[PDB]
Number of protein chains: 2
Amino acid sequence: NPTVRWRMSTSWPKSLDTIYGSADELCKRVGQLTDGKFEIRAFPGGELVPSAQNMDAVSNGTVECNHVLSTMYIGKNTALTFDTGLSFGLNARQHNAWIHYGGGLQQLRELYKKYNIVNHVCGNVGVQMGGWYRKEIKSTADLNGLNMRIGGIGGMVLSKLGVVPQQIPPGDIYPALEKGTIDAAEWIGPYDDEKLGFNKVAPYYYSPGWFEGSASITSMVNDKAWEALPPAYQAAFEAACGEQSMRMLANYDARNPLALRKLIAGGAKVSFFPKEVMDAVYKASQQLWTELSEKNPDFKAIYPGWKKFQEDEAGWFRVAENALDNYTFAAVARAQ
Amino acid sequence: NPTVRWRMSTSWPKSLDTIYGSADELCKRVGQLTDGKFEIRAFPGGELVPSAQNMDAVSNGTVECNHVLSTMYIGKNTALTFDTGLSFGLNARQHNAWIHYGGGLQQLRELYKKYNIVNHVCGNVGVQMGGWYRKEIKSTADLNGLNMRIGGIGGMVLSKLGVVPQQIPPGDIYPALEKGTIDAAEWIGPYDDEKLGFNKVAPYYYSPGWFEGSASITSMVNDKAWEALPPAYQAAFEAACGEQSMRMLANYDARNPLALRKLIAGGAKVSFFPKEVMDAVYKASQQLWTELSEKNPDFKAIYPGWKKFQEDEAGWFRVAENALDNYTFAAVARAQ
Ligand SMILES: O=C(O)c1ccccn1
Ligand SMILES: [Ca+2]
């Protein structure tokens, strides 16, 4: 097999040894699998192109691949939200099940042909936190008029409640929050959020980030770059992505607990969103799916099967996984 | 003309097709990664050696690797329980986090090296069910004298409450339930149980299966066979295992819900173990760990750190992950 050299434009700061670290691991593994012959170099967000351009830069061949949240690019097609995740959507396990064994990947591949891309799921961050605020969120009144940084489809939901959302890139969130040009910000969770500093300027940390059931990460590959690879190199990339689909989330799961404990020790006020706020955003989410199905044939094509899959998945996880986890987590706490 | 040729002795009949199929996928991916030059052939349980001998067969070099449930070999060393999962143990995500980012893999590698093995995690079954019961379980009194097909660690815990674990060939479980020779049987979960029709002869299908936690699947590799591989072939095996750690579970997550629907349509009564029963089996499990730790320094050395990891994980998952999943699963049910 030949020597192949690619650039991977990520959307993340190097400081995030979780999500960026996973991109680096992916590249390293592809190298190992090919004796260094398939060399992919990852670049932090903003280095090669602004992260807002990471999809376009893959479609036009500027870079061979990226490492992104696909719904940053929601302005291209709202059906991209099936790739990243829907609000109150599938959890990480259920999402990977839908993708690989429920027909999701093939439906997304068809979508991505419109953009000269071959997509691969390559990570997940799980259920996100609800973000950082300067005041208590007691009711939906506290969301009306809020200038909030939020990535993904959740912005579209929150706009219905009067939030003014923006997908400001990660490295730019803290300076805006610090300056006060945004009032609130969500990123991912305790480990990453501590790295970026939001707790220094915002006292309240809410949970859960309903914004996605899980935030799944995608590597978009230029379709001509993909085609040019020999079969073993395609397999290397696929397997490395499948592996990071476990490993990235495993790193978050390992690292987040201590980070939260430290955030609380340092003064963060951690609270659940009130039930009434949860109900309001849930209802707004359901209204959004009705709208997107009516307006976007690509969303309409995927939604019904996706919805049936969620219904089946949720029913089963409620019976077994969650029956056990809810019991065990409480028993472990009592025993502590 | 392969460069390396290995045999993989699995513990499964091909009819356990989610698990055996994953072993096949693993071997196929390794072939893809190496243009067929690292050839691994999988074999069903018993074809090369009995499944009970799969660990020793690898230790002795009879075969290069296996595909097994490590708790089958707890008679050799009870610390192997940490590889597969403890009763009321980690969930699948938490186990993979412990293994890859929490120090678990290194602790298990040190244990396995003494048996001439390099171990890799390569799958997870997810939470299984509590089994098929002819009669309702209302309290721990109903466990005393219960003749239940169950083994391993679950049997050891339940025996403390007066259950009499039963050993019976797989094809004899259905007729044994039909005749009332046994009162109850655990097999696996909906996908596999559906093929055997236990619902037709023992309608109460109890949840959750706490017995095995979220059982992880291991490939034990002979250490000299492992060391003899070219590094790209080591990486191929590692990556294929990391990938199957996601894919096997994804396939069970996709498959189990349809099977559960079929079981319910055949008369399965999904039932939940009462709180009093759950508390009693949790307590009995903790007594077992105390005893295993007192008897085996290898178990004692791992347990406290594993327990702390579980406490840390449970504390964090309660904040966001389970907060959202519990909300969503309930909402999805209402909308359906
Ligand atoms: O832009 C975001 O909000 C983001 C990106 C990656 C993962 C989760 N969230
Ligand atoms: Ca986010």
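Every chain is numbered from 1 and lettered A, B, ... according to where its sequence line falls, protein lines coming before strand lines. Start at 1 and go down the list; that is how both ligands and their atoms are numbered. Values reported hereafter were calculated over all heavy atoms of this structure, with side chains retained and with hydrogens, waters and symmetry mates removed.
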Heavy atom of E186(A) under 4.0 Å from ligand 1? yes

Is the Ca ion (ligand 2) less than 3.0 Å from an N/O/S atom of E186(A), whether that atom is in the backbone or a side chain? yes

Does a donor on one side chain sit under 3.5 Å from an acceptor on the other, for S214(A) and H95(A)? no

Have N326(B) and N326(A) got a donor and an acceptor in their side chains that come within less than 3.5 Å? yes

Atoms of ligand 1 close to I188(A) [distance to a heavy atom under 4.0 angstrom, numbered from 1]: 7 (C), 8 (C), 9 (N)

For the residue pair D279(A) / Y327(B), report whether a side-chain donor-acceptor contact shorter than 3.5 Å exists. yes

Is the Ca ion (ligand 2) less than 3.0 Å from at least one N/O/S atom of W187(A)? yes

Touching ligand 1 at all, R149(A)? Heavy atoms, strictly under 4.0 Å? yes

Atom 4 (C) of ligand 1: the protein heavy-atom neighbour that sits closest, reported with distance to 0.1 Å: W187(A) CZ3, 3.8 Å

Is it the side chain (CB and beyond), the backbone, both or neither of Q128(A) that lies under 4.0 Å from ligand 1, heavy atoms counted? side chain

I need the minimum non-hydrogen distance between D142(A) and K135(A), along with the two atoms involved. O-NZ, 2.8 Å

Indicate whether the side chain of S245(B) and that of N96(B) have a donor and an acceptor atom separated by less than 3.5 Å. no

Quick one: do the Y252(B) and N124(B) side chains pair a donor with an acceptor below 3.5 Å? no

Closer than 4.0 Å to some heavy atom of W12(A) - which atoms of ligand 1 meet that? 5 (C), 6 (C)

